[PDB]
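Structure first, then comments.
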Amino acid sequence: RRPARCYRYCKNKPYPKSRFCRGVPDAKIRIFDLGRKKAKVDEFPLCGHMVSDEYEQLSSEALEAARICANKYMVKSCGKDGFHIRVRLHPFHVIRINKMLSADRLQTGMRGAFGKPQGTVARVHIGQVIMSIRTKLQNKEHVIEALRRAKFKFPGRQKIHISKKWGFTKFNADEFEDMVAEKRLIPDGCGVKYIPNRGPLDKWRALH
Amino acid sequence: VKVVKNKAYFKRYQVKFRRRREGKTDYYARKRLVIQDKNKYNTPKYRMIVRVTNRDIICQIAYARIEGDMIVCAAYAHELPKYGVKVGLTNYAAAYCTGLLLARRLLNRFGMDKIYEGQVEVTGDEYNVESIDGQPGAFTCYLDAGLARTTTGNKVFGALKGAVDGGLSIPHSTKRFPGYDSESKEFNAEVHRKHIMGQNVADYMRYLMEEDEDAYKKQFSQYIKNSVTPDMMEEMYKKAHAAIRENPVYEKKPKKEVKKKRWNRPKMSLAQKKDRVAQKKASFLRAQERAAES
Amino acid sequence: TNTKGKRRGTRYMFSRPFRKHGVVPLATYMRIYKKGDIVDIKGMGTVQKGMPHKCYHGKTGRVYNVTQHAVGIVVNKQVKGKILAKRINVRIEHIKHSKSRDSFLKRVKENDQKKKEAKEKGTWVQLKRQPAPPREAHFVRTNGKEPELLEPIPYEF
Amino acid sequence: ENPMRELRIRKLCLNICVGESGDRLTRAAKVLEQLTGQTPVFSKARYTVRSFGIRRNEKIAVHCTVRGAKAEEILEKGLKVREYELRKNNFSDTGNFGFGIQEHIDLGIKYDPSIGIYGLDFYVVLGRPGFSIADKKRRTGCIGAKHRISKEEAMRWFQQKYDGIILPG
Amino acid sequence: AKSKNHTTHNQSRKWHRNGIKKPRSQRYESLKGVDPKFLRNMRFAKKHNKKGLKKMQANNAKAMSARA
RNA sequence: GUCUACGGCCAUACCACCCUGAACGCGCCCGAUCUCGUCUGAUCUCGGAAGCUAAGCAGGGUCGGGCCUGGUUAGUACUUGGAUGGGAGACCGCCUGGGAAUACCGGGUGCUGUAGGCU
RNA sequence: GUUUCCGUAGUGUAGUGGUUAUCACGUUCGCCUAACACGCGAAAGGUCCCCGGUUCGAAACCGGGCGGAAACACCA
RNA sequence: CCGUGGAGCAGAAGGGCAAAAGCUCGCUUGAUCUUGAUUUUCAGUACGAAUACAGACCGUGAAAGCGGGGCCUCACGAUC
RNA sequence: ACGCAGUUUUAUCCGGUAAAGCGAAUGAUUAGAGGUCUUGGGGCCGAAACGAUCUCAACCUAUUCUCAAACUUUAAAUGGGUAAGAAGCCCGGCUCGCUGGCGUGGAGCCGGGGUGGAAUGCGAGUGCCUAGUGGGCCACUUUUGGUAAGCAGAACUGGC
Ligand SMILES: [Mg+2]
Ligand SMILES: [Mg+2]
Ligand SMILES: [Mg+2]
Ligand SMILES: [Mg+2]
Ligand SMILES: [Mg+2]
Ligand SMILES: [Mg+2]
Ligand SMILES: [Mg+2]
Ligand SMILES: [Mg+2]
Ligand SMILES: [Mg+2]
Ligand SMILES: [Mg+2]
Ligand SMILES: [Mg+2]
Ligand SMILES: [Mg+2]
Ligand SMILES: [Mg+2]
Ligand SMILES: [Mg+2]
Ligand SMILES: [Mg+2]
Ligand SMILES: [Mg+2]
Ligand SMILES: [Mg+2]
Ligand SMILES: [Mg+2]
Ligand SMILES: [Mg+2]
Ligand SMILES: [Mg+2]
Ligand SMILES: [Mg+2]
Ligand SMILES: [Mg+2]
């Protein structure tokens with residue numbers, strides 16, 4: 001386990017786990033949702049998300065420790081099934097290690113220069129969302145404090161933003177309450193199906 | 001619930017071709033039939049297109065340009081009662097007859113009638129058309145089979161033999177004409193002449209008259225509705241070939257106009273389509289208001 | 001050290017693009033390739049018998065020889081020393097015309113027509129292609145409405 | 001009220017899948033010759049088993065296709081053996097049905113002791129006038145939705161002709 | 001004792017030191033490399049032009065000079 | 001206003017389902033004695049013409065799926081050239097120029113050449 | 001660390017020149033014996049290291065890991 | 001019945017291919033002899049490989065045409 | 001007057017990188033919902049019963065999260081080739097053993113008529129002989145290996 005000071009801002013092309021890598025071990029994170037996974041859309045109105053500022057690489061172990069800290073503060077503040085946290089970020093870039101000393105100069109110079117896979121990190125663009133927590137209206141400050149506790153644990157500088165959208169959907173919270181009732185949006189689990197008007201008439205007849 | 005039938009199949013479906021989806025071309029043989037070698041730069045390559053359809057055969061000569069295909073001459077089977085062959089429009093005799101009419105009409109269009117008489121006395125031999133020095137050269141055309149399987153006895157070869165005896169210098173072999181034996185490699189010109197004149201179906205009409213008069217009246221009906229007897233068929237095609245070779249000029253039809261026209265239904269407009277949708281919306285809302293209460 | 005074989009960089013270049021696979025169209029063949037025709041080179045993936053090279057894709061040359069079912073084109077290829085006129089034999093499926101010479105012949109025909117009109121009527125024509133001139137002292141119109149005032153917007157994430 | 005859209009017998013398939021090649025397979029071909037009056041045609045691999053001793057490219061099955069009045073006669077013999085009692089899962093969704101029989105001497109064959117008892121598959125497809133479009137070489141067109149033969153059409157045809165019983169159990 | 005392997009630096013400048021040249025001068029293009037059947041056309045056409053062009057072209061030039 | 005034969009552009013013209021088709025034509029169909037090739041006249045060939053538009057086919061329709069085109073995305077993401085611009089870096093801002101795409105929305109869905117025939 | 005080789009019933013192995021579960025010891029049952037050793041006849045016992053790709057078909061051909069066995073690791 | 005390439009084309013991949021370059025069947029050795037040109041690597045030298053021609057003798061096909069090895073990218077060798 | 005250009009414009013073709021996308025093919029990958037053919041774990045109606053009920057399993061449908069140097073429908077900026085005339089147009093005629101329905105096509109040859117045919121800059125073309133060189137380095141930018149290096153290796157331009 002090498003420090004995160006030597007694996008930082010992007011200096012290589014993305015090298016994913018594929019047909020040509022074949023040697024990367026398992027990532028640290030395996031799951032990506034921690035809260036009420038079966039939460040409906042009208043249950044938790046708002047969401048606060050965590051916006052990066054530096055074009056950096058976040059490691060999977062950092063994502064692990066941050067989601068554990070955020071989950072722990074959420075279950076100590078609003079308890080189980082009072083929140084829904086989703087790590088938006090998924091690690092795919094495989095960093096490499098060129099290890100030596102396997103106190104001698106008589107084993108290997110820079111002869112075999114290409115390295116073996118060490119672990120998985122995640123290339124993060126400027127403005128790309130790290131995490132997103134949807135909660136009730138009364139849990140506004142708790143999401144702020146949870147992502148603030150994750151802020152001290154991610155490297156680099158990043159900000160927090162309470163979204164204008166209604167949860168994880170791409171539609172506005174101002175338009176949601178006035179527009180899901182009349183015509184368009186129908187809830188489908190935790191996601192929302194948006195229907196256009198360019199359908200067959202059997203869909204409109206199945207509605208109403 | 002089972003299959004993933006058609007999701008992006010329509011979006012990645014490379015359509016083949018208009019004529020291939022209609023099923024009228026192949027293009028793997030058309031790319032070799034049509035395209036002239038480029039040491040000529042303008043010389044058209046003439047193709048006799050012989051298409052057999054139910055009730056009618058079509059014999060044409062065409063070449064190609066970048067805009068489409070240019071047809072110089074064309075002869076049909078429904079024009080044979082103008083030459084004498086009233087009934088039997090798709091027999092091998094009509095194939096030979098349409099090929100002869102096509103060749104005579106092409107040579108009448110080109111003015112090469114007095115020269116290149118061809119094979120007047122129909123014998124069924126291997127009469128290759130030779131060119132004469134000091135005179136305009138022979139017409140070099142090539143066959144088109146289309147999608148028909150060219151086994152021995154196909155009447156596209158009968159139209160070929162009609163064009164060759166009319167005087168079109170088309171290269172051909174004698175091992176796909178009817179009457180060619182398969183085991184013995186020799187060719188039977190008497191059987192080929194018999195099959196041109198149509199004496200085999202004369203023998204089959206004799207067979208039906210001597211075996212089953214009920215079948216002889218069930219099929220072959222229009223024959224005895226006007227008149228068909230085998231000696232008059234043997235004289236009938238013999239006079240029809242002479243009528244073609246004496247008058248191939250193809251008189252046409254006037255066809256001014258008949259100024260009365262409504263058969264097909266035109267399209268409806270965008271506003272009409274949208275108002276159909278609006279009437280459907282209003283009628284469904286009216287039904288949901290009315291029938292749920294009543 | 002790149003193992004410079006034939007077509008070692010042609011994963012995308014000699015490929016039929018999208019929704020255009022299958023048999024070759026016949027209007028590619030049915031073209032008039034005389035001598036002096038300024039023609040382009042664009043390689044094909046269907047016909048493998050006449051690929052020019054990976055270096056001559058997209059270039060433009062002059063026809064010197066025509067055969068049964070190919071053509072001969074002289075192409076200026078740039079090498080380390082200096083550009084060279086090279087004599088290539090390319091089949092017909094890989095070749096289309098160039099319309100720049102056709103536009104120049106259209107301009108020559110228009111200039112001959114204007115010169116005929118000039119000799120007829122004594123009218124000066126200015127048949128030289130002058131480039132895009134500076135804008136003249138034209139006169140704008142602002143009737144009916146005042147000009148709309150634009151201001152930059154505040155920053156919102 | 002129904003212009004020339006008649007549910008007629010298109011063909012009748014006859015199949016015997018012998019577990020080996022040689023004497024029993026040749027005698028099964030002899031049985032199909034005794035039914036049809038014409039020679040059968042053999043089958044082969046695209047599988048290699050190793051559970052009972054056959055290999056790739058061996059004569060596993062014999063089969064034949066009978067069309068016309070002979071097909072109607074052999075269909076009558078098969079429904080006479082089964083006594084006109086099919087089952088509801090015999091009819092396929094494409095309008096075709098098969099049933100199969102054992103004890104081939106029930107078809108009207110004098111039992112030779114050297115041949116033995118071979119079972120025989122009977123598979124019938126239903127045809128309408130206008131099904132040669134999907135088989136002719138020139139213009140292979142589709143059939144259509146209102147013209148294709150379905151499950152209900154096939155079972156109502158079998159209720160109408162030959163006086164059959166569905167046995168829905 | 002490892003050395004620098006390969007580069008193309010300071011190469012285009014050496015190319016443009018002497019002014020990269022089009023061949024730029026081919027009037028009456030070179031005739032070799034053309035179809036021998038077309039050569040059997042053209043050479044026999046040229047030598048029978050040398051033989052039998054005299055009197056018809058001479059009288060035609062006299063006719064067009066008299067009409068011009 | 002159409003169709004047939006050969007086509008050019010290759011989905012504005014493919015796929016699913018439902019209606020319409022007067023007259024030539026296309027077809028389904030009607031049988032193996034010759035030419036023919038098959039286990040099977042099912043496919044391919046041979047002389048038909050008793051019915052039929054049920055199918056192909058040709059039109060129209062689906063708040064149809066796809067395809068083409070136009071707005072939006074967006075003067076955004078990118079980007080030639082420049083600075084003794086900012087910042088520890090990460091990168092970002094400015095001058096001069098060029099400028100894309102998915103979502104979202106709207107419209108169309110064949111055009112024609114040659115030869116021939118129907119109203 | 002590098003280069004070769006191996007992994008198969010509880011144990012040591014054979015077997016690919018692709019399409020088996022092979023031998024020997026051990027266990028259980030029964031016999032000979034008064035009873036044991038010895039001997040006999042059967043039976044059970046296999047993830048052919050684990051996970052993937054090639055094909056009609058893999059343990060076999062190949063790859064990534066796992067655990068081992070040999071050889072080298074020298075001059076300053 | 002659905003089935004636009006999701007199979008196959010000798011092998012490592014890329015490209016390409018559907019009345020096909022794929023599978024099956026029937027005949028055949030054009031995988032023949034010979035002089036030049038051109039492309040590739042390149043110094044515009046050679047070998048190797050390839051392309052379009054030309055002249056004989058042929059194969060197939062009804063003919064159009066196709067074929068002087070393998071659908072293309074490699075699978076090979078100077079003086080004496 | 002001809003000609004030339006590390007330049008631009010006007011047209012004309014070429015590409016598949018940045019970007020973007022994967023509710024689009026290939027490859028990965030997250031979560032919830034709806035549907036019911038399927039075999040497999042449970043208890044429940046109960047002599048057993050695809051006679052019937054709930055859930056998990058898997059599949060399908062419509063969504064949704066995140067990517068791809070060896071993925072891609074789309075597709076830049078930058079860049080590459082070509083043309084911008086008198087060596088070019090147009091007319092009339094001879095030759096051909098090439099080709100061929102045709103004085104058909106195509107090449108060659110002869111004669112005649114009209115140069116004011118994008119911007120800016122510049123006087124060009126060509127022959128011979130030969131030294132030195134064949135150890136490089138640095139910088140803005142685009143980049144490969146490496147944690148990084150005043151490290152090693154590439155591209156354009158400039159400099160030592
Ligand atoms: Mg063919
Ligand atoms: Mg060096
Ligand atoms: Mg017979
Ligand atoms: Mg026969
Ligand atoms: Mg029949
Ligand atoms: Mg119809
Ligand atoms: Mg109808
Ligand atoms: Mg339509
Ligand atoms: Mg639509
Ligand atoms: Mg900059
Ligand atoms: Mg089908
Ligand atoms: Mg491949
Ligand atoms: Mg491919
Ligand atoms: Mg073929
Ligand atoms: Mg030859
Ligand atoms: Mg590339
Ligand atoms: Mg990218
Ligand atoms: Mg010196
Ligand atoms: Mg030195
Ligand atoms: Mg360096
Ligand atoms: Mg150094
Ligand atoms: Mg200096």
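Ordered as shown in the structure tokens, chains take letters A, B, and onward, while each chain numbers its residues from 1 and ligands are numbered from 1 in the order shown.
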Q | Contact residues around residue D:87 with only C-alpha atoms (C1' of nucleotides) at 8 Å, ignoring same-chain residues under 4 positions, as a ChimeraX atom specification | A | /D:91,166-169
Filtering to N, CA and C atoms, could you give me those residues as a PDB file, in the first residue's frame?
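Saved as selection.pdb:
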```pdb
ATOM      1  N   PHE D  91     -50.409 -29.013 -31.411  1.00  0.00           N
ATOM      2  CA  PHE D  91     -50.487 -27.926 -32.377  1.00  0.00           C
ATOM      3  C   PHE D  91     -49.457 -26.859 -32.032  1.00  0.00           C
ATOM      4  N   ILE D 166     -59.916 -32.760 -29.008  1.00  0.00           N
ATOM      5  CA  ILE D 166     -58.778 -31.920 -28.647  1.00  0.00           C
ATOM      6  C   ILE D 166     -57.971 -32.532 -27.507  1.00  0.00           C
ATOM      7  N   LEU D 167     -58.654 -33.128 -26.511  1.00  0.00           N
ATOM      8  CA  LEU D 167     -58.105 -33.604 -25.237  1.00  0.00           C
ATOM      9  C   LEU D 167     -57.320 -32.496 -24.542  1.00  0.00           C
ATOM     10  N   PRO D 168     -57.994 -31.505 -23.946  1.00  0.00           N
ATOM     11  CA  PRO D 168     -57.274 -30.340 -23.402  1.00  0.00           C
ATOM     12  C   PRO D 168     -56.471 -30.621 -22.139  1.00  0.00           C
ATOM     13  N   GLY D 169     -56.568 -31.813 -21.560  1.00  0.00           N
ATOM     14  CA  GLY D 169     -55.812 -32.141 -20.364  1.00  0.00           C
ATOM     15  C   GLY D 169     -54.328 -32.356 -20.602  1.00  0.00           C
TER      16      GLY D 169
END
```
(Q) Give me, as a ChimeraX atom specification, the set of residues whose atoms come within 9 Å of any atom of ligand 14, counting only C-alpha atoms (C1' of nucleotides) and all ligand atoms. (A) /B:28-29 /H:19-20
For chain C, report every residue with an atom at most 7 Å from chain H (counting only C-alpha atoms (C1' of nucleotides)), formatted as a CSV table (one decimal) with C-alpha atoms, in the first residue's frame.
```
chain,number,residue,atom,x,y,z
C,6,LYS,CA,1.6,-2.7,-46.1
C,7,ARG,CA,-1.5,-1.0,-44.5
C,11,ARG,CA,-8.1,0.4,-39.1
C,15,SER,CA,-13.4,0.9,-44.0
C,45,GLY,CA,-12.5,-2.2,-48.3
C,46,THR,CA,-14.7,-4.4,-50.5
C,48,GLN,CA,-8.9,-5.7,-52.4
C,50,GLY,CA,-6.6,-2.4,-56.3
C,70,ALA,CA,-8.4,0.0,-63.8
C,87,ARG,CA,3.0,6.4,-61.5
C,88,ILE,CA,0.3,4.3,-59.8
C,89,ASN,CA,-2.1,1.7,-61.1
```
Residues within 12 Å of ligand 2, counting only C-alpha atoms (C1' of nucleotides) and all ligand atoms: report them as a PDB file with C-alpha atoms (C1' of nucleotides), in the first residue's frame.
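Everything below was put into out-v7.pdb:
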```
ATOM      1  CA  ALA E   1      26.751   3.261 -23.673  1.00  0.00           C
ATOM      2  CA  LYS E   2      23.167   4.007 -24.701  1.00  0.00           C
ATOM      3  CA  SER E   3      22.637   6.579 -27.455  1.00  0.00           C
ATOM      4  CA  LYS E   4      19.726   8.517 -28.912  1.00  0.00           C
ATOM      5  CA  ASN E   5      17.772   6.243 -31.225  1.00  0.00           C
ATOM      6  CA  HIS E   6      15.746   8.236 -33.759  1.00  0.00           C
ATOM      7  CA  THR E   7      14.290  11.701 -34.226  1.00  0.00           C
TER       8      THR E   7
ATOM      9  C1'   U I 133      28.726  15.933 -40.106  1.00  0.00           C
ATOM     10  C1'   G I 134      27.254  10.689 -38.855  1.00  0.00           C
ATOM     11  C1'   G I 135      28.065  11.402 -29.141  1.00  0.00           C
ATOM     12  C1'   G I 136      23.792  16.161 -28.889  1.00  0.00           C
TER      13        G I 136
END
```
Q: Using DSSP on the backbone coordinates, identify all residues within stretch 1-111 of chain D classified as strand (DSSP E or B); present the result as an NGL selection string.
A: :D and (8-17 or 41-42 or 61-66 or 85 or 91 or 97-98 or 101)
Could you write out the selected residues, including N, CA and C atoms, as a PDB file, in the first residue's frame?
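New file again_21.pdb:
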```pdb
ATOM      1  N   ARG D   8     -55.305 -26.540 -46.431  1.00  0.00           N
ATOM      2  CA  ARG D   8     -54.988 -27.814 -47.051  1.00  0.00           C
ATOM      3  C   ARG D   8     -53.663 -28.340 -46.517  1.00  0.00           C
ATOM      4  N   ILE D   9     -53.444 -29.632 -46.730  1.00  0.00           N
ATOM      5  CA  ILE D   9     -52.240 -30.305 -46.257  1.00  0.00           C
ATOM      6  C   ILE D   9     -51.087 -29.929 -47.177  1.00  0.00           C
ATOM      7  N   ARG D  10     -50.094 -29.230 -46.631  1.00  0.00           N
ATOM      8  CA  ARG D  10     -48.963 -28.809 -47.450  1.00  0.00           C
ATOM      9  C   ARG D  10     -47.996 -29.964 -47.690  1.00  0.00           C
ATOM     10  N   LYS D  11     -47.546 -30.618 -46.621  1.00  0.00           N
ATOM     11  CA  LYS D  11     -46.731 -31.819 -46.740  1.00  0.00           C
ATOM     12  C   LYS D  11     -46.913 -32.671 -45.491  1.00  0.00           C
ATOM     13  N   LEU D  12     -46.225 -33.809 -45.477  1.00  0.00           N
ATOM     14  CA  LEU D  12     -46.208 -34.715 -44.337  1.00  0.00           C
ATOM     15  C   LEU D  12     -44.802 -35.267 -44.193  1.00  0.00           C
ATOM     16  N   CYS D  13     -44.191 -35.040 -43.037  1.00  0.00           N
ATOM     17  CA  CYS D  13     -42.829 -35.476 -42.780  1.00  0.00           C
ATOM     18  C   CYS D  13     -42.825 -36.805 -42.038  1.00  0.00           C
ATOM     19  N   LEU D  14     -41.911 -37.688 -42.432  1.00  0.00           N
ATOM     20  CA  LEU D  14     -41.775 -39.009 -41.838  1.00  0.00           C
ATOM     21  C   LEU D  14     -40.335 -39.151 -41.373  1.00  0.00           C
ATOM     22  N   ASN D  15     -40.136 -39.515 -40.105  1.00  0.00           N
ATOM     23  CA  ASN D  15     -38.803 -39.517 -39.517  1.00  0.00           C
ATOM     24  C   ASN D  15     -38.627 -40.719 -38.603  1.00  0.00           C
ATOM     25  N   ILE D  16     -37.467 -41.370 -38.709  1.00  0.00           N
ATOM     26  CA  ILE D  16     -37.050 -42.427 -37.792  1.00  0.00           C
ATOM     27  C   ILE D  16     -35.613 -42.143 -37.380  1.00  0.00           C
ATOM     28  N   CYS D  17     -35.391 -41.933 -36.084  1.00  0.00           N
ATOM     29  CA  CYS D  17     -34.064 -41.626 -35.550  1.00  0.00           C
ATOM     30  C   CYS D  17     -33.494 -42.878 -34.894  1.00  0.00           C
ATOM     31  N   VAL D  41     -34.150 -40.350 -47.276  1.00  0.00           N
ATOM     32  CA  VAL D  41     -32.885 -39.629 -47.281  1.00  0.00           C
ATOM     33  C   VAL D  41     -32.345 -39.605 -45.852  1.00  0.00           C
ATOM     34  N   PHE D  42     -31.025 -39.708 -45.723  1.00  0.00           N
ATOM     35  CA  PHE D  42     -30.372 -39.936 -44.445  1.00  0.00           C
ATOM     36  C   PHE D  42     -30.058 -38.612 -43.750  1.00  0.00           C
ATOM     37  N   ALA D  61     -30.481 -40.823 -38.704  1.00  0.00           N
ATOM     38  CA  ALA D  61     -31.911 -40.856 -38.943  1.00  0.00           C
ATOM     39  C   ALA D  61     -32.195 -40.981 -40.430  1.00  0.00           C
ATOM     40  N   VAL D  62     -33.376 -41.505 -40.731  1.00  0.00           N
ATOM     41  CA  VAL D  62     -33.924 -41.495 -42.079  1.00  0.00           C
ATOM     42  C   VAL D  62     -35.195 -40.665 -42.064  1.00  0.00           C
ATOM     43  N   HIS D  63     -35.428 -39.939 -43.153  1.00  0.00           N
ATOM     44  CA  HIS D  63     -36.624 -39.120 -43.226  1.00  0.00           C
ATOM     45  C   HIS D  63     -37.060 -38.972 -44.673  1.00  0.00           C
ATOM     46  N   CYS D  64     -38.303 -38.528 -44.828  1.00  0.00           N
ATOM     47  CA  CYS D  64     -38.920 -38.369 -46.136  1.00  0.00           C
ATOM     48  C   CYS D  64     -40.052 -37.363 -46.019  1.00  0.00           C
ATOM     49  N   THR D  65     -40.408 -36.764 -47.152  1.00  0.00           N
ATOM     50  CA  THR D  65     -41.514 -35.817 -47.230  1.00  0.00           C
ATOM     51  C   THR D  65     -42.493 -36.285 -48.296  1.00  0.00           C
ATOM     52  N   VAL D  66     -43.764 -36.400 -47.921  1.00  0.00           N
ATOM     53  CA  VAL D  66     -44.813 -36.910 -48.794  1.00  0.00           C
ATOM     54  C   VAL D  66     -45.825 -35.793 -49.009  1.00  0.00           C
ATOM     55  N   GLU D  85     -57.453 -38.713 -31.760  1.00  0.00           N
ATOM     56  CA  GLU D  85     -57.360 -38.090 -30.442  1.00  0.00           C
ATOM     57  C   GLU D  85     -55.963 -37.500 -30.278  1.00  0.00           C
ATOM     58  N   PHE D  91     -50.409 -29.013 -31.411  1.00  0.00           N
ATOM     59  CA  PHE D  91     -50.487 -27.926 -32.377  1.00  0.00           C
ATOM     60  C   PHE D  91     -49.457 -26.859 -32.032  1.00  0.00           C
ATOM     61  N   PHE D  97     -48.758 -29.347 -36.675  1.00  0.00           N
ATOM     62  CA  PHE D  97     -48.933 -30.287 -35.575  1.00  0.00           C
ATOM     63  C   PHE D  97     -48.299 -31.626 -35.913  1.00  0.00           C
ATOM     64  N   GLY D  98     -47.712 -32.262 -34.911  1.00  0.00           N
ATOM     65  CA  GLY D  98     -47.165 -33.592 -35.072  1.00  0.00           C
ATOM     66  C   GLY D  98     -47.603 -34.480 -33.931  1.00  0.00           C
ATOM     67  N   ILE D 101     -46.165 -42.104 -33.891  1.00  0.00           N
ATOM     68  CA  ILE D 101     -46.740 -43.373 -33.468  1.00  0.00           C
ATOM     69  C   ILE D 101     -45.615 -44.364 -33.210  1.00  0.00           C
TER      70      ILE D 101
END
```
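Any residue of chain D with an atom no more than 8 Å from chain F counts as a contact; using only C-alpha atoms (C1' of nucleotides), that gives residues 2, 3, 4, 5, 38, 39, 40, 41, 63, 64, 65, 66, 67, 129, 130, 133, 135, 136, 137, 141, 142, 143, 144 and 147 of chain D.
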Q: Run DSSP on the backbone of this structure and report the residues of stretch 9-187 of chain A it assigns to alpha helix (DSSP H), as number ranges by chain.
A: A: 60-77, 140-151, 173-179
So that each row is one residue of chain I with an atom at most 10 Å from ligand 17, can you give its shortest atom pair and the distance in Å to one decimal, using only C-alpha atoms (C1' of nucleotides) and all ligand atoms, rows by chain and rising number, as JSON lines?
```
{"residue": "I:17", "atom": "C1'", "partner": "ligand 17", "partner_atom_place_in_ligand_line": "1 (Mg)", "distance": 9.2}
{"residue": "I:18", "atom": "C1'", "partner": "ligand 17", "partner_atom_place_in_ligand_line": "1 (Mg)", "distance": 7.1}
{"residue": "I:19", "atom": "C1'", "partner": "ligand 17", "partner_atom_place_in_ligand_line": "1 (Mg)", "distance": 6.7}
{"residue": "I:20", "atom": "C1'", "partner": "ligand 17", "partner_atom_place_in_ligand_line": "1 (Mg)", "distance": 8.2}
{"residue": "I:68", "atom": "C1'", "partner": "ligand 17", "partner_atom_place_in_ligand_line": "1 (Mg)", "distance": 8.7}
```
Got time to write the residues from that selection, N, CA, C and O atoms (P, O5', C5', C4', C3', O3' and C1' of nucleotides), as a PDB file, in the first residue's frame?
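Everything below was put into again_18.pdb:
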```pdb
ATOM      1  P     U I  17      -9.131   8.059 -33.666  1.00  0.00           P
ATOM      2  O5'   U I  17      -8.625   9.471 -33.134  1.00  0.00           O
ATOM      3  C5'   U I  17      -7.466   9.568 -32.322  1.00  0.00           C
ATOM      4  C4'   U I  17      -7.173  10.992 -31.924  1.00  0.00           C
ATOM      5  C3'   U I  17      -8.113  11.617 -30.909  1.00  0.00           C
ATOM      6  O3'   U I  17      -7.831  11.233 -29.574  1.00  0.00           O
ATOM      7  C1'   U I  17      -7.743  13.140 -32.674  1.00  0.00           C
ATOM      8  P     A I  18      -8.997  11.233 -28.467  1.00  0.00           P
ATOM      9  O5'   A I  18      -9.239  12.772 -28.141  1.00  0.00           O
ATOM     10  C5'   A I  18      -8.239  13.549 -27.502  1.00  0.00           C
ATOM     11  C4'   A I  18      -8.635  15.001 -27.398  1.00  0.00           C
ATOM     12  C3'   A I  18      -9.981  15.284 -26.757  1.00  0.00           C
ATOM     13  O3'   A I  18      -9.966  15.193 -25.345  1.00  0.00           O
ATOM     14  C1'   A I  18      -9.777  16.572 -28.712  1.00  0.00           C
ATOM     15  P     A I  19     -11.101  14.344 -24.587  1.00  0.00           P
ATOM     16  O5'   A I  19     -12.467  15.012 -25.058  1.00  0.00           O
ATOM     17  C5'   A I  19     -12.842  16.303 -24.604  1.00  0.00           C
ATOM     18  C4'   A I  19     -13.975  16.868 -25.421  1.00  0.00           C
ATOM     19  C3'   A I  19     -15.325  16.204 -25.225  1.00  0.00           C
ATOM     20  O3'   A I  19     -16.004  16.695 -24.084  1.00  0.00           O
ATOM     21  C1'   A I  19     -14.895  16.459 -27.536  1.00  0.00           C
ATOM     22  P     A I  20     -16.668  15.682 -23.031  1.00  0.00           P
ATOM     23  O5'   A I  20     -17.929  15.097 -23.804  1.00  0.00           O
ATOM     24  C5'   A I  20     -18.979  15.947 -24.237  1.00  0.00           C
ATOM     25  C4'   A I  20     -19.853  15.255 -25.250  1.00  0.00           C
ATOM     26  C3'   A I  20     -20.404  13.904 -24.826  1.00  0.00           C
ATOM     27  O3'   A I  20     -21.582  14.023 -24.050  1.00  0.00           O
ATOM     28  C1'   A I  20     -19.471  13.732 -26.988  1.00  0.00           C
ATOM     29  P     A I  68     -13.819   7.824 -20.663  1.00  0.00           P
ATOM     30  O5'   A I  68     -13.195   6.546 -21.370  1.00  0.00           O
ATOM     31  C5'   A I  68     -12.112   5.861 -20.767  1.00  0.00           C
ATOM     32  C4'   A I  68     -11.851   4.538 -21.433  1.00  0.00           C
ATOM     33  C3'   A I  68     -11.736   4.563 -22.946  1.00  0.00           C
ATOM     34  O3'   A I  68     -10.464   5.001 -23.394  1.00  0.00           O
ATOM     35  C1'   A I  68     -13.114   2.761 -22.280  1.00  0.00           C
TER      36        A I  68
END
```
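If you measure from each of A:184, A:99, A:49, A:2 to chain G using only C-alpha atoms (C1' of nucleotides), the closest one turns out to be A:99.
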(Q) Excluding residue I:158 and its own-chain neighbours fewer than 4 positions away, which residues fall within 12 Å of it when counting only C-alpha atoms (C1' of nucleotides)? Please give them as a VMD selection string. (A) (chain E and resid 9 to 10 13) or (chain I and resid 138 to 140)
